[PDB]
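Given next are two forms of a protein chain, the same chain in both, each as structure tokens and marked structure 1 or structure 2.
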Structure 1
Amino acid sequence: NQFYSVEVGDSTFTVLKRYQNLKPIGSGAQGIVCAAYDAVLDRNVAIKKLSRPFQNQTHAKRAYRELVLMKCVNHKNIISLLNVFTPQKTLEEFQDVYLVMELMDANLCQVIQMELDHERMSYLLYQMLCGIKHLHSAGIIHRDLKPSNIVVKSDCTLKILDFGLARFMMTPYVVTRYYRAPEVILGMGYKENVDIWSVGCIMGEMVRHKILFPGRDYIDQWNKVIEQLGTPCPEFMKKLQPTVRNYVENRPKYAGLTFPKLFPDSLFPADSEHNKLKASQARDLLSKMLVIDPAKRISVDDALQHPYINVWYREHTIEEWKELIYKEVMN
């Protein structure tokens, strides 16, 4: 037998014998994740368990798409897999999928908590931006970039771990919507620069150490957007479908704040001329990314040109989903 079973968390990991010394890394919406030693490569790996991915269409659509897109994508800032396996011997038996990647060290969340540094922040934004340009080039608009699904290594190398949305489950686990663009909040149709808003959000949070646009749901979240950035002006409303337009036009109006008050110089270092300049460039980039109207928001190409950044330059049953996924594993 080429697998063995072991009781991490309150889960069972049945993994190939090559992977030893399993220890819990963490848990998202998608699966349980363990650190392990890989004896064949003689290095450290992370292994994610997907328990019955085909249990509903959401879990299943996602699982299938992330397996196909991983194989077929290739960039240093986007997950790539070392290995994919199931311990189960037949389609009839099939239950769980295991995905193996090189071990990364931290979440972006833990990085956003660290004091502001211009070399690090710019290099991370550069990488998030090159990753996204890679996704957009391959036909992939993410639409749900959030720091929980972005990982980094001690040497500041960065990878995006998921491919976002395509196009309900009875589970109390709640999705993070804080980084979603206005055109996602308001159901508006979108293009590539939808992902710039989310990078803007992570960047603002790195400076402010507070989620910019929190809320119980999109009602709250929209209030937070308008009262800091102000009510969008007239000609953005005109691309809002009739019902959304009514609601957006009837919230209490806000002037909005200038970026200097939104991100005071007090949040940055001012100990050198270099840091003074980097501070005004950072805020200039934020001001170009946290733009409600996507027609006026900066593109991914313009952002990787910005001087803060450029120093670095579809309907199946669950029986049918089970097979599709099993096939792509074995293949």
Structure 2
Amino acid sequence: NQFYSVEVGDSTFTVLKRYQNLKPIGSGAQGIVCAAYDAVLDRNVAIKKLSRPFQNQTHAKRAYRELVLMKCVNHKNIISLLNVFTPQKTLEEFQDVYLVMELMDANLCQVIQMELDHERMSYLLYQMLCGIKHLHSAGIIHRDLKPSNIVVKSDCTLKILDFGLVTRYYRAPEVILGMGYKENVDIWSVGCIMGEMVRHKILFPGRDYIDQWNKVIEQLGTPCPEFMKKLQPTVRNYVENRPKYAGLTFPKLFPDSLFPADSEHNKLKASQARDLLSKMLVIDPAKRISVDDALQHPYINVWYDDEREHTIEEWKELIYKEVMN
């Protein structure tokens, strides 16, 4: 037989025999991930199992989305699919999907923990922005970018793992407050990651939505009252009739002591970094920098040179065909 089974975490991966020595390298909600040796191609791969894609609408829609976009999207800063398979032989038996992609060497959480280096941070942020730009050009606004869905090779090449849409640490104010969004929603998430590379602390932790919002305004200040008028009626009473917070300036939010010091080079880079932070970490999306302007920012520019609803049966059929195709 062409398949074999191996126990992975709490579950069972059933894979083609080309894929050998499966070891877990991570998990997300969407499914669990193994490194493996692909003996046919003679290289290492990452293998993700989708168990309950067609269990319910939510799971099926996202599985179908992930599968179709991973096949249709080709960009250096988006993870590439190498193979797709199911061990089941017919539609009736069909249960699981396995996605095989290129293996990276670390998550962004690990790189965030390393000492601050301008050329690395600049490069990582350029690549993230390149990836985001390309998704937006294809009509995909991510809305869920976070360190745990970004991976990197040891040479600092960066790859976004997924196409997006609790712990809402990286989500933009407009999304948390449910107030409609545009492309620059993803810029907030980049700003949260950039600040975290500098501070080595999650910028905006929170027990829940309320405290999450509190922590943003604590730091950035309560926004201009024009912003609140766009809030659904009760969200608005909360925000509007809370206490006015004067936040902190960007030099106070990210002091000189966090950055390389005592050369003009490092002095320039520190203020470019803080300048970029101050344009991304902006509560009101109408004042937040765009993807294109961020690519042109002097800290970054050194690197230039459907939704329709289905039944369960139908989602299963659509997914199956996408796999078999």
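Residue positions are counted from 1 along structure 1's sequence. Heads up, when I say rigid core I mean the largest set of C-alphas that superpose within 1.5 Å between the two forms.
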Requested in this report: Would you mind telling me which residue of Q113, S154, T258, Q241 shifts its Cα by 2 Å or more between the two structures when the core is superposed?
Outcome: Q241
Requested in this report: Having superposed the rigid core, state how many Å the Cα of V6 shifts between the two structures.
Outcome: 1.4
Requested in this report: Once the rigid core is superposed, tell me how far the Cα of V100 moves between the two structures, in Å to one decimal.
Outcome: 0.4
Requested in this report: After lining up the core, report the Cα displacement of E320 between the two structures in Å, one decimal place.
Outcome: 2.1
